[PDB]
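J.:
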Amino acid sequence: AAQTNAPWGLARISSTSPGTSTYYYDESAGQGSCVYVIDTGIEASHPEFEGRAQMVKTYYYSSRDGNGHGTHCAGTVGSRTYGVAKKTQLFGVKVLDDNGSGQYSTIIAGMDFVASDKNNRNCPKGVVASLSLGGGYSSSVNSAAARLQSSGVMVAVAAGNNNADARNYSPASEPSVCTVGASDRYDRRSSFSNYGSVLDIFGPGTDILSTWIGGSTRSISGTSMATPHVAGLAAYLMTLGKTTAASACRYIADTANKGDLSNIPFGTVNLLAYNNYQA
């Protein structure tokens, strides 16, 4: 399949070269997979989700995305226009309030929710969790992400937007999950993107067009936005049978575009997420 005039991030994950605008992907498009968006919630009624998005858990008075952050990341995972896996099932877990903030215990409880809730969902092709959040280091948050990964969920997390080593951030510094850095349309590391040895992969993170609350769209930057590219890619790849949740991060890294990113610090992987789709 070919989506013309796609957001640059979609076009990049299906391209060996930057500067193109058509997203190429197998038409299976992640069907039969599920991606949990652990964020501010999802505006499921957005036409872009086509009834494939639904809120499954909130820790606040409402499950509505009063922020737009989780709607934006869910859109990058699997919206029809801005999504990687255009047929995946999206499950919203609102661990962040509408200010984009949330206590670590709530984030931990939301991660433990997904590890159990996936047994309440129909995801024959596999389960992904997209964690577009983070703060200071926390062994408890890391262990929560490790448990979610161990339960059989491909956990993709943002490296963080501190232009620092991600070792000092959670769940970015959890070794067993997929820590995602951000790159821009010119294959530069995003100026804000964290780095370091814990990073597993880079994804499109600068000026990412996706869904927004109120049925709108907008373009925002962040490793928070590169993460759903890798999460959607993981669901896409698991639907294709090319990898499983336990090995998707390693697989994505094995099949990534190598040495194509600039301003990658010495010791950080120079790997850009790539769906390796050939028509």
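Under the entry's author numbering, the first residue of the sequence shown is numbered 1, with each subsequent residue one higher.
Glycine included, each C-beta is placed from N, C-alpha and C at the ideal position.
1. Which class does residue 36 belong to by DSSP, given the choice of helix, strand or coil?
2. Can you give me the C-alpha to C-alpha distance between residue 184 and residue 7, rounded to a whole angstrom?
3. With DSSP as the reference, identify every bridge partner of residue 129, one or two as the case may be.
4. Is it true that the CB of residue 82 sits closer than 8 Å to the CB of residue 236?
5. Between the Cα of residue 246 and the Cα atoms of 175, 95 and 61, which residue gives the shortest distance?
6. Among 110, 89, 88 and 90, whose alpha-carbon lies nearest the alpha-carbon of residue 97?
7. For the beta strand (DSSP E) that contains residue 202, what are its first and last residues?
8. Does DSSP classify residue 249 as helix, strand or coil?
9. Leaving aside the five residues before and after residue 186 along the sequence, list all residues of the same chain whose C-beta is less than 7 Å from its C-beta, in chain order.
10. So, using beta-carbon positions, are residue 86 and residue 78 closer together than 8 Å?
11. When the Cα of residue 156 is compared with those of 39, 31 and 1, which residue comes out closest?
12. For residue 123, name the three-state secondary structure that DSSP assigns.
13. Kindly list the residues whose CB is nearer than 8 Å to the CB of residue 145, restricted to its own chain and excluding five residues on each side of it in sequence; keep chain order.
T.: Concretely, from the data shown:
1. Residue numbering aside, residue 36 sits at position 36 when the sequence shown is read from its first letter. It is a strand residue.
2. Here the question's residue 184 lines up with position 184 in the sequence shown. Here the question's residue 7 lines up with position 7 in the sequence shown. Approximately 12 Å between the Cα atoms of the pair.
3. Your numbering for residue 129 matches position 129 in the sequence shown. DSSP output for residue 129 lists 36 and 155 as bridge partner(s).
4. What you label residue 236 is simply residue 236 of the sequence shown in a count that begins at 1. What you label residue 82 is simply residue 82 of the sequence shown in a count that begins at 1. Their beta carbons are not under 8 Å apart, which means residue 236 does not touch residue 82 by this criterion.
5. Here residue 246 is taken as the residue at index 246 of the sequence shown, counted from 1. If we check each option's Cα against that of residue 246, 175 comes out closest.
6. As a working note, residue 97 is residue 97 in the sequence shown. The shortest C-alpha separation from residue 97 is found at 110.
7. Here residue 202 refers to the residue found at position 202 when the sequence shown is read from its first residue. Counting along the chain, the beta strand (DSSP E) containing residue 202 begins and ends at 201-204.
8. On the sequence shown, position 249 is the one that residue 249 refers to. Looking at residue 249 - three-state DSSP - the assignment turns out to be helix.
9. On the sequence shown, position 186 is the one that residue 186 refers to. Counting only Cβ-Cβ distances below 7 Å, and skipping sequence neighbours, we find 18.
10. Taking the first residue of the sequence shown as 1, we reach residue 86 at position 86. Taking the first residue of the sequence shown as 1, we reach residue 78 at position 78. For residue 86 and residue 78, yes; Cβs fall inside 8 Å.
11. Position 156 of the sequence shown, counted from the first residue, corresponds to residue 156. Closest by alpha carbon: 39.
12. As a position in the sequence shown, residue 123 is number 123, starting the count at 1. Correct three-state label for residue 123: coil.
13. Translated into positions along the sequence shown, residue 145 becomes position 145. If we look at residue 145 and ignore the five residues flanking it on each side, its Cβ neighbours are 111, 131, 155, 157, 170, 171, 174, 176 and 177.
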